[PDB]
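By convention in this document, chain letters (A, B, ...) are assigned in the order of the sequence lines, proteins followed by strands, and residues within each chain are numbered from 1. Values below: every heavy atom of this structure, side chains too, minus hydrogens, waters and symmetry copies.
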Amino acid sequence: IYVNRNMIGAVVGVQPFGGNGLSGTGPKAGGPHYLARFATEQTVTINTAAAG
Amino acid sequence: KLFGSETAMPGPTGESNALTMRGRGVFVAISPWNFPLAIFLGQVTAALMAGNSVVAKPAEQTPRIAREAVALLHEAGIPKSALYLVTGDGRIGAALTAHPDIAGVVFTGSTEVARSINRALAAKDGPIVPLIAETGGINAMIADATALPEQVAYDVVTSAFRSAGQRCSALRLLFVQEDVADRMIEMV
Amino acid sequence: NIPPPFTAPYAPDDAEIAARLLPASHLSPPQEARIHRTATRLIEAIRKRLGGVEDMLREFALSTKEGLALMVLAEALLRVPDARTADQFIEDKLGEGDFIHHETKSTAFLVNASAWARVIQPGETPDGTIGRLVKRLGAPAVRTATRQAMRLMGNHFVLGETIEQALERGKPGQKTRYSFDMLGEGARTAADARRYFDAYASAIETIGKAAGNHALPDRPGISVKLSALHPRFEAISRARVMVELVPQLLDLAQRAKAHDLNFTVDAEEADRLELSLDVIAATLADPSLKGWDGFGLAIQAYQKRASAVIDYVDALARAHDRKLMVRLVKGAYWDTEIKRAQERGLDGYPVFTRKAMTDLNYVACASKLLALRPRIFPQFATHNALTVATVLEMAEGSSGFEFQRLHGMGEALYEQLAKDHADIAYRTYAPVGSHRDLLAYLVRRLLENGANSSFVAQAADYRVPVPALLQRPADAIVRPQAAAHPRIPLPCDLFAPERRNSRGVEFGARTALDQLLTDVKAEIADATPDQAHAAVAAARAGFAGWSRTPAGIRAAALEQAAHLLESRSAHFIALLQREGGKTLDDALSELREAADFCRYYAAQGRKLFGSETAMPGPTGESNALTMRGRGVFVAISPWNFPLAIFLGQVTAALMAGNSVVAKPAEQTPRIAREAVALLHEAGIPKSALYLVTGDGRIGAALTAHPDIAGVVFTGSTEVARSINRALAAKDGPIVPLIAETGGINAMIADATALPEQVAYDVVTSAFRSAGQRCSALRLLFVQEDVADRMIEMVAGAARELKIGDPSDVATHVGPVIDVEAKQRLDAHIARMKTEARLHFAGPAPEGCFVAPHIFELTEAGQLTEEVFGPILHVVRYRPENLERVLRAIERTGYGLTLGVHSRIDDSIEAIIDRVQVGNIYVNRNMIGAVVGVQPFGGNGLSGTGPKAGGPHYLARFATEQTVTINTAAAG
Amino acid sequence: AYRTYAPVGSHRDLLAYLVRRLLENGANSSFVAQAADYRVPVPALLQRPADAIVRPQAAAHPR
Ligand SMILES: Cc1cc2nc3c(=O)[nH]c(=O)nc-3n(C[C@H](O)[C@H](O)[C@H](O)COP(=O)(O)OP(=O)(O)OC[C@H]3O[C@@H](n4cnc5c(N)ncnc54)[C@H](O)[C@@H]3O)c2cc1C
Ligand SMILES: Cc1cc2nc3c(=O)[nH]c(=O)nc-3n(C[C@H](O)[C@H](O)[C@H](O)COP(=O)(O)OP(=O)(O)OC[C@H]3O[C@@H](n4cnc5c(N)ncnc54)[C@H](O)[C@@H]3O)c2cc1C
């Protein structure tokens with residue numbers, strides 16, 4: 001949403017760009033939720049008691 | 001920030017728990033003609049950064065800028081084995097996305113093509129992979145009678161006609177209050 | 001009158017205890033002056049300075065793991081028939097290479113003597129515990145440390161391949177100079193419990209033939225552990241324990257009595273205290289033990305119940321008119337007790353959390369025991385010079401008690417005491433047993449010697465001034481309110497201040513278990529396709545308002561749901577047992593997890609949706625990023641966690657600002673309905689949450705509905721694909737699909753792994769909840785050198801599982817969900833019987849039950865399907881072929897959980913680097929993922945992500961919005 | 001080839017010599033002191049001096 005200015009030229013890291021509905025899936029390019037979608041999470045759980 | 005170090009999780013004594021994020025596999029990156037360098041590079045560098053190798057098919061109208069961007073990434077330190085450029089039509093794009101070994105698709109282009117990519121992915125008996133699709137818009141602007149007509153006109157002309165309107169963000173539909181309608185339209 | 005079954009409050013307040021112990025600890029200045037002098041002299045003797053384990057750890061700056069590795073290597077090297085062969089190995093081979101091979105072979109030697117009996121290429125990358133040690137210290141120092149470990153293993157331990165070999169080795173017409181601390185503990189199989197019984201019986205005869213001609217207490221003793229004598233020694237199996245174990249313990253007591261020996265029942269974990277006292281009381285009660293003063297037990301001063309145990313033992317002694325020998329110790333399982341109370345969400349710790357509190361309680365308990373002479377003969381087991389000096393002073397004169405130490409500890413301490421006070425008696429114990437029981441004993445011992453708080457460790461460190469060792473415990477505590485350790489939170493505060501932790505129950509406390517069993521015992525038409533469509537439309541109408549309800553109010557609603565869940569835990573636990581067929585621990589755990597989901601998503605919800613994120617940019621412009629609800633989410637949940645996964649998915653979607661239409665598994669709609677009613681009562685509007693029950697056709701109507709904004713799904717891989725296809729066929733928006741599906745989960749156990757622990761964790765991972773967990777172990781890979789022992793131990797342990805009615809507290813394995821499931825399982829069993837070796841097939845009760853089964857495959861590729869039941873598959877492998885194991889795990893295409901059991905960090909790390917599995921568990925079981933601790937969920941055929949119970953979950957239920965305002969006209 | 005020296009002299013000259021010698025053996029920076037301390041990993045003793053300084057402006061001791 002752009003208020004009292006034009007609607008174009010989204011700046012990377014300033015206006016994370018991208019929409020919903022028929023406009024896209026997300027996440028927004030140039031924003032902080034983008035990179036995670038390209039990755040998978042991994043939890044490593046180690047029982048450390050024999051060491052202290 | 002995201003992949004540079006693990007996130008420690010709180011838990012009981014005598015046990016460690018760490019959350020990490022790793023690459024998924026092979027990403028297919030499909031880019032449009034209207035931002036042939038920046039969207040091409042945005043999608044590709046994101047996938048690479050996340051630890052994925054990338055097969056990139058640029059829009060048929062703009063392969064040369066894509067080839068140069070690819071060579072530039074290789075020279076910037078991206079291994080030849082991590083990044084490949086495949087040029088061609090939509091059937092080639094369909095070949096890459098229907099390939100059973102890829103780990104995800106990042107797509108920017110038409111809504112119709114995104115749906116067919118999504119259908120080709122879902123048809124596979126393999127893993128359900130991520131689809132990142134940024135498609136079009138029918139973008140509105142609402143201008144009320146408190147708005148400055150000289151500024152509305154300028155921002156409307158810019159939003160609609162910059163780049164011959166060949167931007168996904170471009171203004172397509174202007175709503176203007178009737179009391180100021182004649183003046184604003186005439187000025188645009 | 002015989003005392004009632006022991007029941008003391010499990011974890012009372014530390015401060016109230018300190019308020020009584022602090023003043024009673026007061027001693028007159030001449031009393032303190034005498035203690036100070038005796039202790040100074042004992043400590044100075046210790047600092048005179050071959051020594052002990054603490055010295056080896058200190059001298060080479062060894063971790064506990066490294067000490068363990070060298071002692072194991074040392075023991076193998078000592079049992080080579082020709083000592084010159086050992087010398088050649090140490091100089092030529094050790095430190096030059098084959099580091100992992102040496103670590104693996106010497107550890108395997110302990111269960112498989114034949115395994116241990118190449119040419120080492122130069123420039124080998126130093127990996128493994130020994131390799132890393134060599135890199136840090138250098139090969140020659142490692143050789144020097146190994147020889148020292150050889151002296152320690154040879155001098156301070158009585159060991160053999162069998163008990164007869166150990167007993168022969170430790171032989172003195174002389175009397176034995178030491179009593180026997182028998183190695184065994186925690187039998188996993190019936191065969192193990194008999195072997196330990198036999199070893200105890202053999203030891204009693206060996207020690208009896210060399211017991212000398214004096215009267216008690218001047219005769220040797222033997223220490224015995226109840227967990228070694230019974231393979232399911234636990235409160236829930238009490239009925240069978242009283243019936244099977246008591247006669248065994250009695251048999252041994254009688255054999256000890258016939259040689260007039262000291263016979264001591266060791267004290268183990270806090271959750272076994274009450275059960276051990278029941279066993280000991282019933283055993284002591286037997287008339288055959290009259291006329292003998294050598295029977296006794298250990299009492300741990302680190303426990304708040306310690307004083308009450310002393311009263312109980314004394315009343316037991318008077319009721320039966322016996323004399324007892326009672327060992328007072330501090331306690332060997334402190335770290336274990338902390339960990340457990342935390343995992344189990346107990347309301348406090350059974351032990352003190354400041355070391356000085358244990359020291360105080362020890363002296364108070366000793367004072368109490370001294371006053372119970374001569375009926376009770378106290379034995380003060382400690383290597384603390386100050387504790388010895390203080391107990392000696394309190395005795396004011398002496399006799400009617402003794403001190404106790406472990407061979408290889410407190411030698412100089414007790415020699416000096418005997419010089420300075422000739423009528424002081426002290427008993428010395430030597431560890432005696434088989435190599436197969438060494439590892440478990442060594443680990444515990446190395447934790448005490450390596451501990452920074454250890455008195456023995458400090459007295460040997462010349463950086464620690466003698467006067468620091470003499471600080472009186474009361475002066476360390478100073479004030480009652482400081483009794484609890486400031487840096488150790490109560491389990492309820494484990495996640496503070498981020499969120500509250502759910503409450504658990506300690507089954508080892510009979511008051512708590514009986515109350516829980518009592519409370520629990522005291523406690524649906526389908527939908528038409530039209531009804532499901534109306535539910536969607538209704539949820540669609542409720543979306544606008546709910547999405548705009550402030551995040552803190554949505555969060556308050558989840559938190560109230562958690563509170564109502566815990567307040568009504570008995571009600572929901574009853575439902576989990578009746579509808580889900582879950583055993584009590586599984587039901588309780590599911591209830592905790594459900595509450596945990598509500599609190600964690602609430603807390604992550606405020607963080608993520610509580611306020612906008614400001615984005616940096618030019619002046620004269622603001623840029624704010626927000627996350628809003630998507631629309632109507634369809635939540636489809638499975639039968640195996642019918643409350644927690646159902647609630648996790650639903651409360652997540654709700655928290656993100658979505659309205660929800662929820663379709664629960666056909667087998668478990670009732671718990672779902674109650675959960676829904678509960679969320680509504682917690683503050684979730686009727687218009688935001690709807691329950692639609694029915695089959696997959698109803699589930700399919702919901703997912704094909706053109707107006708929904710997303711699907712969250714947990715279930716079968718095939719159903720997830722058909723949902724994905726139904727969504728992708730739509731001409732509408734591409735909506736998010738979150739799908740957590742199955743796994744074919746592997747465990748890799750190498751020859752450095754402890755078989756008793758592997759067996760326990762394998763049996764748990766594969767057979768808990770009748771294998772009806774998505775994280776369950778299906779495929780065990782075990783190195784060939786330890787395969788026979790490991791498989792045998794797993795099979796023997798599986799046989800001890802009680803299969804039956806999940807409402808009986810003694811049951812370990814309940815029924816499978818329905819006949820359709822049982823049938824599918826039985827077909828796979830019939831197939832595997834014709835296809836693979838059957839190692840174990842248990843006896844199912846009549847009804848919808850499948851018993852644990854263990855099959856060995858020739859290759860992993862013979863297991864091609866997730867089999868959703870208590871059915872373990874085993875593949876043995878050669879150490880050089882680890883890649884083929886890893887390749888076989890990749891081949892399935894699944895990636896949910898993976899277990900790794902190994903001592904070797906480089907091996908563990910290589911496995912982690914290689915595999916893509918969502919949850920890797922190292923040296924523990926693979927189940928019971930805790931919300932916010934183990935973000936759970938996999939990749940490949942196992943799921944889409946993001947992980948449930950983790951920090952990337954909520955975002956996916958939302959969509960982002962950037963608002964960009966040109967602010968220049970304001971300034 | 002390596003030459004080995006032994007300290008030779010009268011008791012009346014020992015104290016002054018001993019003080020200086022004990023300052024070198026007791027110094028935390030001493031290589032001999034570190035190589036004898038098993039807490040110090042062999043690789044730490046092998047850090048190249050140029051890698052400790054890294055940059056000219058860091059030549060002087062900051063403290
Ligand atoms: C012959 C013999 C038999 C034994 N049998 C048993 C047995 O059957 N069962 C058993 O549990 N123990 C038993 N022990 C005791 C155990 O093995 C340790 O030796 C003992 O706890 C050490 O106490 P201490 O006076 O030697 O040493 P210290 O260094 O004085 O005391 C150490 C002890 O303090 C306690 N401690 C450490 N940190 C904390 C803390 N933060 N808060 C509260 N307390 C803390 C622990 O119990 C620890 O062991 C036995 C010991 C001997 C010598
Ligand atoms: C046979 C023999 C004869 C010697 N004769 C003399 C002599 O005639 N005159 C003399 O001055 N020395 C003399 N020395 C050297 C002195 O006695 C020390 O032995 C020597 O400096 C140690 O250096 P290193 O390579 O052994 O040890 P290292 O542990 O490598 O180096 C220690 C040296 O580093 C230097 N150093 C320590 N801290 C700092 C710092 N913050 N900044 C800069 N430098 C620092 C000091 O010089 C210190 O001695 C002699 C040594 C030997 C073996």
Side-chain angles (χ1 to χ4, degrees), chain C residues 75 78-79 151-174 176 178-185 195-208 210-225 228-229 248-266 288-289 291-298 323-327 377 379 381 399 401-411 414-415 418 422-435 437-438 441:
Chain C
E75 181 61 20
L78 283 175
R79 305 275 76 96
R151 298 200 306 278
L152 292 168
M153 291 313 299
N155 290 339
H156 298 326
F157 291 84
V158 181
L159 300 177
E161 298 201 2
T162 65
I163 186 59
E164 296 79 6
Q165 170 166 107
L167 291 176
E168 185 67 29
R169 208 190 302 286
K171 250 186 175 61
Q174 291 303 301
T176 187
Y178 52 78
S179 291
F180 293 178
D181 184 15
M182 308 298 296
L183 292 188
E185 67 177 52
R195 171 178 62 85
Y196 286 133
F197 176 96
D198 293 343
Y200 288 143
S202 297
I204 286 169
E205 295 309 317
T206 294
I207 231 176
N213 302 304
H214 300 125
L216 284 165
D218 227 347
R219 298 180 70 73
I222 187 182
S223 272
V224 142
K225 289 193 177 54
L229 292 171
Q248 303 292 288
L249 188 64
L250 179 61
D251 191 337
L252 294 175
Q254 290 169 343
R255 295 163 175 263
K257 160 176 165 175
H259 288 298
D260 198 28
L261 302 170
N262 185 205
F263 183 84
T264 306
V265 186
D266 285 348
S288 65
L289 301 180
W292 164 62
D293 303 329
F295 189 91
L297 84 170
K323 286 188 155 191
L324 297 173
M325 297 169 78
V326 171
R327 184 197 300 138
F377 180 87
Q379 316 168 286
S399 278
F401 69 96
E402 78 189 9
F403 289 96
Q404 302 199 335
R405 63 165 202 116
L406 231 355
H407 205 302
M409 301 181 75
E411 185 179 345
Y414 285 103
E415 276 193 69
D423 295 351
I424 293 310
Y426 69 90
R427 184 178 307 264
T428 297
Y429 284 85
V432 183
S434 313
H435 289 147
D437 302 311
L438 179 63
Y441 180 99

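- To the nearest 0.5 Å, atoms CZ (C/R255) and CG (C/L261) are separated by 12.5 Å.
- Considering every non-hydrogen atom in both C/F401 and C/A425, the closest pair reads O-CB, 4.5 Å.
- With rounding to the nearest 0.5 Å, the separation of OG in C/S223 from CG in C/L297 is 10.5 Å.
- A heavy-atom distance below 4.5 Å is not found between the side chains of C/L78 and C/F157.
- Annotation: side chain of C/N262 is not in contact with side chain of C/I222 (no heavy-atom distance under 4.5 Å).
- Shown here are the salt bridge (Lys or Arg N to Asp or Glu O under 4.0 Å) partners of C/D266, two or more places apart in sequence or in another chain: C/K225, C/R327.
- The shortest side-chain heavy-atom distance between C/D293 and C/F377 does not fall under the 4.5 Å cut-off.
- Side-chain contact check for C/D251 versus C/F197: some heavy-atom pair is nearer than 4.5 Å.
- Classification of the C/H407-C/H156 ring pair by plane angle, with boundaries at 30° and 60°, yields tilted.
- Across all non-hydrogen atoms, the minimal contact from C/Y426 to C/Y414 is CE2-O, 3.3 Å.
- At a threshold of 4.5 Å between non-hydrogen side-chain atoms, the residues C/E161 and C/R79 do not count as touching.
- Of all heavy-atom pairs spanning C/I207 and C/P220, the tightest one is CD1-CB, 3.7 Å.
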| request: Test C/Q404 against C/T264 for side-chain contact (heavy atoms from CB on, under 4.5 Å), laying out the working first. | output: CA-CA 12 Å; C/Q404 302 199 335; C/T264 306; 5.6 Å; no

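- Of the listed residues (C/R195, C/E168, C/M182), just one forms a side-chain contact (heavy atoms from CB on, under 4.5 Å) with C/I163, and that residue is C/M182.
- No side-chain heavy atom of C/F295 sits under 4.5 Å from any side-chain heavy atom of C/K257.
- By the 4.5 Å heavy-atom criterion applied to side chains, C/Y178 and C/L406 are not counted as neighbours.
- Across all their heavy atoms, C/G208 and C/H259 have their closest contact at CA-CG, 3.6 Å.
- Closest non-hydrogen pair, C/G221 versus C/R427, comes out as N-NH1, 3.3 Å.
- Taking the side chain as every heavy atom from C-beta outward, C/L249 and C/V224 approach each other to under 4.5 Å.
- Across all their heavy atoms, C/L229 and C/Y196 have their closest contact at CD2-C, 4.4 Å.
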